[PDB]
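K.L.:
how would this look folded up:
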Amino acid sequence: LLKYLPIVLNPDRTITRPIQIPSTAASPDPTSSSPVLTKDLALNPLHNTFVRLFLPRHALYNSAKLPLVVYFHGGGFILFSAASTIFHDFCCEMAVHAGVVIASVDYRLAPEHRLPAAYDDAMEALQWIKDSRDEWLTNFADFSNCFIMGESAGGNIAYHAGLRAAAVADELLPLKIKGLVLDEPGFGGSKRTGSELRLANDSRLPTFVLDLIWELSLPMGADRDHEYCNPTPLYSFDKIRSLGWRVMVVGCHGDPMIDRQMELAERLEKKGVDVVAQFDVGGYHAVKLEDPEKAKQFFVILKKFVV
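P.N.:
Numbering: from 1, shown residues only. What follows is the structure:
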């Protein structure tokens, strides 16, 4: 297991996280060297959740507000933080190169807090942002142009948050959602798709690891056709379409979850939702978090999407 996930499974249905995942401290002061300023704001102390804001330095040299991206990190629902270095650095790159202010949500982790805990934290964060008088948000973020985004498990959260938000869109004002960005979103199912068969022996996400992730994340005794795991009447898509939200879906052929991501994109398209799909040859799951060239290329497409 340690070859794939930095966890130990205990004989009491719990896990242990014995390998520290590096984190980066916030840097709120523009006299620092950072090209992006960051600070953490407590969300809910009973859930120990917080939000890290990323404000690109370039925003301090004009009086224009930038679109706001509400972001959810990946990690199988079971690992990582908004302050994990790999996610902090991606968000700093994204802020600079897509020209956005980011609010990255530190949601509760499974199995201590199985789904839907992370989705509830996503909605709490939206409610909190809408009501916020934080000075970075009020002076530099455009509440009228908000995007919900996430990577891997966080893209699953972003998708479920997007469905819930669409149902309460009027209630979220002054925040106006304009789109969803689903970066290699994590979905599953009881039956294997073709890509799950083709990539069963993947070097990072083989079948048994994916199955473990769902086992630890879904409600006890659910199976992988549970709606949190397998997203595909999709009446919700009528609301997305009616609100005029655009949806970006990205992924690559070397990710075992590609077939489900592509099926979601096709179902959205079938329901008349404005979809921007970029599915690439090759790669592997989370390659953009490791490959600065692939990240660079994605930021080109995200900049245009957000504009």
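K.L.:
what about residue 64, how many neighbours?
P.N.:
9 (other Cβ atoms under 10 Å). The way it works is simple: take the backbone N, C-alpha and C, and place the C-beta from them, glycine included.
K.L.:
which residues touch it?
P.N.:
By Cβ atoms under 8 Å, 6 or more residues apart in numbering, residue 64 lies in contact with nothing.
K.L.:
how close does it sit to residue 300?
P.N.:
20 Å (Cβ to Cβ, to the nearest Å).
K.L.:
swap in residue 267?
P.N.:
Counting by Cβ to Cβ, the gap from residue 267 to residue 300 is 27 Å.
K.L.:
neighbour count: those two, which is higher?
P.N.:
residue 267 (15 against 11).
K.L.:
spatially central, which residue of the protein would that be?
P.N.:
residue 150 (1.5 Å; Cα atoms, centre = their mean).
K.L.:
select the longest strand from the chain.
P.N.:
The residue-count maximum for a strand in the chain (DSSP state E) belongs to strand 141-151.
K.L.:
report the buried residues of that strand.
P.N.:
Across strand 141-151, burial judged by 16 or more other Cβ atoms under 10 Å covers 141, 142, 143, 145, 146, 147, 148, 149, 150, 151.
K.L.:
please apply the same query to stretch 168-187.
P.N.:
169, 172, 175-187.
K.L.:
just the closest of those to residue 43, please.
P.N.:
residue 175 (15.4 Å; Cβ to Cβ).
K.L.:
near the spatially closest residue to that closest one that is not a sequence neighbour, how many other residues are there?
P.N.:
Spatial nearest neighbour of residue 175, excluding adjacent residues (Cβ to Cβ, 6 or more residues apart in numbering): residue 130 at 4.3 Å. Per other Cβ under 10 Å, the neighbour tally for residue 130 reads 15.
K.L.:
so residue 130 touches residue 174, yeah?
P.N.:
Yes. Using Cβ atoms under 8 Å, residue 130 is in contact with residue 174, at 6.4 Å.
K.L.:
what's the overlap in contacts for those two?
P.N.:
residue 143.
K.L.:
for residue 192, list the residues it contacts.
P.N.:
Neighbouring residues of residue 192 by Cβ under 8 Å, 6+ apart: 200, 207.
K.L.:
in what helix or strand does it lie?
P.N.:
Here residue 192 sits in a region with no helix or strand, counting by DSSP states H and E.
K.L.:
what distance do you get for it to residue 267?
P.N.:
19 Å.
K.L.:
was I right about the residue nearest to the centre of the chain contacting residue 183?
P.N.:
Yes. Here residue 150 reaches residue 183: they are 6.7 Å apart, a contact under Cβ under 8 Å.
K.L.:
would you map the helices across this structure?
P.N.:
Listed in chain order, the helices of the chain (DSSP state H) span 85-94, 117-131, 135-140, 153-167, 169-172, 194-198, 207-217, 236-243, 258-270, 292-306.
K.L.:
reformat those as CSV; add distance to residue 13.
P.N.:
Formatted as CSV, the helices of the chain follow (distance: least, Cβ to Cβ, whole Å):
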stretch, distance to residue 13
helix 85-94, 28
helix 117-131, 16
helix 135-140, 40
helix 153-167, 20
helix 169-172, 37
helix 194-198, 25
helix 207-217, 9
helix 236-243, 33
helix 258-270, 27
helix 292-306, 37
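K.L.:
need the winner for burial among those helices.
P.N.:
For the helices of the chain, the largest average neighbour count (mean count of other Cβ atoms under 10 Å) is found in helix 153-167, namely a mean of 24.
K.L.:
now for that one, which elements pack on it?
P.N.:
strand 66-72, helix 117-131, strand 141-151, strand 177-183, helix 236-243 (3 or more Cβ pairs under 8 Å, 6 or more residues apart in numbering; DSSP states H and E).
K.L.:
closest one to residue 212 among these?
P.N.:
Nearest to residue 212, of those and by Cβ to Cβ, is helix 117-131 at 17.2 Å.
K.L.:
can I get that closest one in CSV, CA atoms only?
P.N.:
Backbone C-alpha positions of helix 117-131 (Å, rounded to 0.1, in the frame of the first residue of the first chain) are rendered in CSV as follows:
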residue,chain,number,x,y,z
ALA,A,117,-18.9,15.9,5.0
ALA,A,118,-16.6,17.6,2.3
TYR,A,119,-19.6,18.6,0.3
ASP,A,120,-21.2,20.2,3.4
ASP,A,121,-17.9,22.1,3.9
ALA,A,122,-17.9,23.3,0.3
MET,A,123,-21.4,24.7,0.8
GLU,A,124,-20.4,26.3,4.1
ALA,A,125,-17.5,27.9,2.4
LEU,A,126,-19.8,29.4,-0.3
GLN,A,127,-22.1,30.7,2.3
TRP,A,128,-19.2,32.2,4.2
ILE,A,129,-17.7,33.8,1.2
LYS,A,130,-20.9,35.5,0.1
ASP,A,131,-21.2,37.1,3.6
